[PDB]
Amino acid sequence: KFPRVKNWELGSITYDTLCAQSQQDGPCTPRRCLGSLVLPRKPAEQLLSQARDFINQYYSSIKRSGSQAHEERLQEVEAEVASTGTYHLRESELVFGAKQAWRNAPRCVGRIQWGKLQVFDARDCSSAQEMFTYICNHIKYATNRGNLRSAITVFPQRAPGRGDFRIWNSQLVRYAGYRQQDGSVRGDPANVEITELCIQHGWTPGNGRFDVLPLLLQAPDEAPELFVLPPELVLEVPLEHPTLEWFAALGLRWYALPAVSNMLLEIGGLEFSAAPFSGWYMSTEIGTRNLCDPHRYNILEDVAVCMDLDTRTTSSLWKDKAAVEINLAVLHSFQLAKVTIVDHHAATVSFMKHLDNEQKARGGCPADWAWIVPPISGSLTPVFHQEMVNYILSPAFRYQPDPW
Amino acid sequence: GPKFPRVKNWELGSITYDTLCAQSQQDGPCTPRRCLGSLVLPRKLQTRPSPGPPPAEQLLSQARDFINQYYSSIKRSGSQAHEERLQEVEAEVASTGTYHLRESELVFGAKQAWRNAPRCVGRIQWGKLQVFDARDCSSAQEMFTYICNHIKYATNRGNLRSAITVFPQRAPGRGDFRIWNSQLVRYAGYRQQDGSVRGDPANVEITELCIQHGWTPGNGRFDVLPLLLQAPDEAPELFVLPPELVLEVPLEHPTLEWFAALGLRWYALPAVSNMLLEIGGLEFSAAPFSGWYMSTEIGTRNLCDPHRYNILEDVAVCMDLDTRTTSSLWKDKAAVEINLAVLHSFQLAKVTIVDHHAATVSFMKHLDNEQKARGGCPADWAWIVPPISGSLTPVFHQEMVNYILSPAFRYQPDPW
Ligand code: HEM
Ligand code: HEM
Ligand SMILES: N#Cc1ccc(CCNCc2ccc3ccc(N)nc3c2)cc1Cl
Ligand SMILES: N#Cc1ccc(CCNCc2ccc3ccc(N)nc3c2)cc1Cl
Ligand SMILES: C[C@H](O)[C@H](O)[C@H]1CNc2nc(N)[nH]c(=O)c2N1
Ligand SMILES: C[C@H](O)[C@H](O)[C@H]1CNc2nc(N)[nH]c(=O)c2N1
Ligand SMILES: [Cl-]
Ligand SMILES: [Cl-]
Ligand SMILES: [Zn+2]
């Protein structure tokens, strides 16, 4: 039947009725739960049914279901699909869809913000060069000298029997990973593949630890093109610690803008293979994951040794102590630099509020507990103690294969 | 490729397939439309105490399955002894509605239930379990003796030893053996005149029950509760554990000298007493078991949960942190020092304990052992990942597949 949803800190119970509006399958079955899997395993009226549902959402949202503006808009959509196998969205529909896709994203702890999203229509875009211009404009608007603003730029939708618009980079700002000869990696190991791809497309690589990568941009059925981001567009914060002077030394830095560019935005059955979006960072993404993950910069032992800790044994919690100072250095540095950032306590607190707003507005909120709970200090945050139901609502941000 | 769940580790980049989930005979809470893996007690993780016997062929099929598991585990699968055992069980169930386990079947079952528990990070140890057969027990008084014996053996003056005591199974038209308490050692929770709680809020209800059944209550933060033990069709009787049987560890910190003055302590033995042990369709409603603690259970959940002892702010204030802003990370700092104290104090007291790093590292090893042995390992990620320092442990980066195998430790309704 319905999921009874309990908060174990408060004893409060909700019932999620919004999940009944889900008509796309997640990975689980009654025989086995696969909720911890990062990625999924892998006519014209499926399209039509998806489109009417989106249009119905849209008019429900703006005061006017059943109105004949609703009825003829519906009628435009089948005429177009019946004739061409596809259709097109109006700008206001795209703006609404983009916001619903973020609202529906189970893994985002930042959805309290979901109605505040600058949407750039970049669907009149016929070249990699024009993509670059749009992206440069996205970054200038979003970065806003450190007062970050959420934004999405939407490039032309996929079309049958034509290649996709793609941004090859997973983010607009990424540090190069240089595979070294002897096993190791200089820079960000998460970016070895895209660094190599950049070099094979004629980029002159640096040899630093934090070299900003160029963008590879691809118009349909053309080779990707390389574009170096102008340094003045890419805001970076040098990392220092509020009390440990030696930390600043470490030569650590991170960029301001989390701008994800490899997800597919799906609205009413239409698919936008290139729709980069950005918000601002939660400090644990940088301080815990990007800098402390063993397969990332992996700096835990470095900091721990500078902190003069007992590396020899795990029960001294040297890892735990080191990680706390690194997260504090990230909070400190961003706040010093006047670059928007939110700590995981503030962030999960606002997500609890979002859940409550959502329960009231929709009768639920799809949420992926393993992603909502931060990577340090889990049970110290209120979301740890909150049961959640995970499901797929459309419009949706989806994963899609790397274009190479 | 393979039509089994593909399982990836994102630290190492390595891939496995779970074929063990194919032997799952029981549905979990999830459907293709909605994942409920974050619910603690979804009703598909709960049972119901039916006073009448199981429909004999539902019982028979579970029984046959377990007997096959047993003969497979001693590599006599298909043998004449195997086929004779099945026939014997079919006979027993036919004339009495139930059947009985041989001793070594009971031992195999108890270890398998542990081995199959998706929420236990301690499972590297699953082959080392002392099984106390107490299916002869016939009074609440005798349950007490069996429990004291268990506690003495398991505690072992701080050098802790995993053990389980198994009291008689559910029987057709006869009341259950039940332990009312949730653990053998629990601190009291006294609801206050002003609405707060002195002691452990987790235990308000069992405390009130002990009082109702005649216990004279104390009023400390760490009063050990009496046991409420229930023999078939008898009211629960009250038993007080002799204080010297209950090993406790006072908490101090290795460098923050004031920490000892908080007067915090915890008991050495985690002994869970309210779970149902299910083996081949047989139901052991009283089967308490114990291992030893992972330090985050004490340092993080029991002492720092807002609805538990909730000492975070207290410790943070002693540490002189900025508690009126989140971005100071005062909660994080306090939490580390409280875990350090738990680890340090147990270590000083020579009482077995394992930190969350060491625990999760051993669980990765357990996963690889089980990959080879059985083609998978049912694992509940949300419970396996520790409540602090999540991505700092190897298990965070390990995808897991969750499902119900039997023999199993299951939840059951409170006896009242
Ligand atoms: C405004 C501040 C925001 C914050 C603090 C925030 C926070 C987060 C965090 C911490 C994650 C987990 C990501 C990871 O661990 O890899 C996440 C995921 C996600 N976020 Fe947000 N976010 C923000 C804005 C946005 C915006 C503007 C969008 C889209 C318009 C968005 C869409 C998503 C999606 C689709 C995911 C899933 C990530 C994935 O599957 O890779 N977020 N968010
Ligand atoms: C040997 C040392 C052991 C360690 C370090 C250990 C560790 C843990 C931890 C940390 C949990 C999570 C509990 C929670 O967060 O509430 C757990 C759960 C569990 N353990 Fe183990 N454990 C050990 C031994 C055992 C033994 C001996 C048994 C039974 C024979 C067992 C059966 C279970 C079961 C069934 C759960 C699920 C908890 C639940 O569903 O409520 N464990 N263990
Ligand atoms: N394959 C794969 C894969 C798939 C997903 C991921 C997670 C990447 N998510 C990054 C992300 C996405 C959206 C965000 C929105 C806001 C924000 N502050 N950070 C985000 C960070 C990582 C990998 Cl390696
Ligand atoms: N309702 C409910 C509910 C359901 C489950 C739980 C979890 C209790 N888990 C306790 C436990 C069980 C076995 C253990 C084995 C070893 C160990 N160190 N700790 C354990 C701790 C708590 C509640 Cl309140
Ligand atoms: C295996 C596991 O599901 C995987 O590492 C997930 C867990 N939770 C996460 N949570 C966030 N926010 N980001 C992540 O990348 C992950 N990774
Ligand atoms: C709501 C959520 O399921 C609940 O807080 C869970 C999360 N993970 C857990 N993990 C462990 N080991 N123990 C727990 O009690 C819980 N509680
Ligand atoms: Cl926020
Ligand atoms: Cl262990
Ligand atoms: Zn699931």
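Since chain B takes its numbers from Swiss-Prot, the residues it shows come out as 67-482.
Each Cβ is built from the backbone N, Cα and C atoms, and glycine gets one as well.
Database features, via Swiss-Prot:
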type	residues	note
BINDING	B:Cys96, B:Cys101	Zn(2+) binding site
BINDING	B:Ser104, B:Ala448, B:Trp449, B:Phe462	(6R)-L-erythro-5,6,7,8-tetrahydrobiopterin binding site
MOD_RES	B:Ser116	phosphoserine
BINDING	B:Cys186, B:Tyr477	heme b binding site
BINDING	B:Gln249, B:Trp358, B:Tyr359, B:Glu363, B:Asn368	L-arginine binding site
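Listed in sequence order, the residues of the same chain lying 6 or more apart from B:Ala448 ((6R)-L-erythro-5,6,7,8-tetrahydrobiopterin binding site) and placing their CB within less than 8 Å of its CB are B:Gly103, B:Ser104.
Cβ crowding, taken as the number of other Cβ atoms within 10 Å, peaks at B:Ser104 among the binding-site residues B:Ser104, B:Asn368. What surrounds the L-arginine site, by Cβ distance within 8 Å of the Cβ centroid and not counting B:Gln249, B:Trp358, B:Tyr359, B:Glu363, B:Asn368, is the set B:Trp332, B:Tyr333, B:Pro336, B:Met360, B:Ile364 from the same chain.
Neighbour counts of Cβ atoms within 10 Å were compared across the binding-site residues B:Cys101, B:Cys186; the minimum falls on B:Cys186. Checking the binding-site residues B:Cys186, B:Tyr359, B:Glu363, B:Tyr477 against chain A with a Cβ-Cβ cut-off of under 8 Å leaves no residue at all. DSSP classifies B:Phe462 ((6R)-L-erythro-5,6,7,8-tetrahydrobiopterin binding site) as helix under the three-state reduction. B:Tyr477 (heme b binding site) falls outside any helix or strand according to DSSP and counts as coil. Cβ neighbour count within 10 Å across all protein chains ranks B:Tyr359 highest among the binding-site residues B:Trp358, B:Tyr359, B:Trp449, B:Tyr477. Using B:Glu363 (L-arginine binding site) as the reference Cα, a 10 A cut-off selects none from the recorded positions B:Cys101, B:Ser116, B:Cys186, B:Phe462, B:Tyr477. Here the Cα atom of B:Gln249 (L-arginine binding site) is found 28 Å from that of B:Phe462 ((6R)-L-erythro-5,6,7,8-tetrahydrobiopterin binding site).
Ranked by CA distance from B:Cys186 (heme b binding site), the recorded positions B:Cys96, B:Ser116, B:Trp358 have B:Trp358 at the top as the closest.
DSSP gives B:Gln249 (L-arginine binding site) a strand state.
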